[PDB]
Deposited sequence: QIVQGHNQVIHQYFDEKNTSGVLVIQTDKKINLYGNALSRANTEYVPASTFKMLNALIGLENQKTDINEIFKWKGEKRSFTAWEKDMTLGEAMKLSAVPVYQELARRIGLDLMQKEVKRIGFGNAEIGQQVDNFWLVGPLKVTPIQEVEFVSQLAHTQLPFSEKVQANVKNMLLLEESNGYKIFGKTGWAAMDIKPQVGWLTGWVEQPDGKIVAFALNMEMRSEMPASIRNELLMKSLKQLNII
């Protein structure tokens, strides 16, 4: 922390997509950088739907919802079902219950990115003013994985359970995508999360790249999996 890793092959993965990207990896207390645009690692970007992790923690901690509540499609969904889908009404609904005031206090207490939420409680993560670096994101998700955020242990466990993405060969991959696509240029794509390896060890990641509208949403996962293989993390 914080050093370029062995980055030969991974830089070429990003080059092949004709876009700039970084992958930050945090093991215990040590952070390595990979990709073709390493300066992105300490550049601030809007978090986009990666903020849903923190919205859920704040909402659950403050009893503004619970994991069994059904949000009406006015499909009907729980908070957890909505985590992995596009569900801005649901997370937007939650943000309104929290309210601008409690949201700003919580974001300040956690110290997430620039910790600015402005005056519009239901879109500050999508269009600004809140911004965060990929290094900060990996640090945040590492803390969540290890139950070290200053929230209830049970709330952290319940949000972690919402983030399982894919699993294979005894490895579990947890995380959250984001894509700030509308109202923001250049577009920014996130995939932030962690690997739990078969013996229990945790390796956290934050992928951050420039997106274009013609890209498939799976490009983030594709680049992540290739890179984690190269690094022997999976």
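In this entry, the deposited residues absent from the coordinate set occupy a single span, 75 to 84.
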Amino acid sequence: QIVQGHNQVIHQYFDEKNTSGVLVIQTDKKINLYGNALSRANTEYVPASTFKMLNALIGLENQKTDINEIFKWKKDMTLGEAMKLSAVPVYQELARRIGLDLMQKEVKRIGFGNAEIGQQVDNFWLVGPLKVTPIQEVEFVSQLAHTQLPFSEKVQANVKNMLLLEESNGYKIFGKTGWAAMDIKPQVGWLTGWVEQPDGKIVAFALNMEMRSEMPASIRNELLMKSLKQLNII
From here on, numbers count along this sequence of modelled residues.
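Only the largest set of C-alpha atoms that superpose within 1.5 Å between the two forms is called the rigid core.
Choosing between 218 to 226 and 5 to 13, the greater Cα displacement from the shown form in 5 other deposited structures of this protein, fitted by the core, goes with 5 to 13. Farther on average from this form in 5 other deposited structures of this protein lies stretch 79 to 87, the comparison being between 79 to 87 and 99 to 107 by RMS Cα distance after core superposition. Mean C-alpha B-factor is higher over 89 to 97 than over the other stretch, the pair under comparison being 129 to 137 and 89 to 97. Note on 144 to 152 vs 78 to 86: mean CA B-factor is higher in 78 to 86. Set against one another, the Cα B-factors of 26, 187, 168, 192 in the record reach their highest point at 168. Set against one another, the Cα B-factors of 9, 224, 22, 215 in the record reach their highest point at 9.
Looking at the C-alpha B-factors along this chain, the one for residue 44 belongs to the middle third. Annotation for residue 183: C-alpha temperature factor in the highest third relative to the rest of the modelled chain, per the entry.
In the PDB entry, residue 30 places in the highest third of its chain by CA B-factor.
Sort the modelled residues of the chain by CA B factor and residue 107 lands in the middle third. Per the PDB record, residue ranking by Cα B-factor puts residue 196 in the middle third of the chain.
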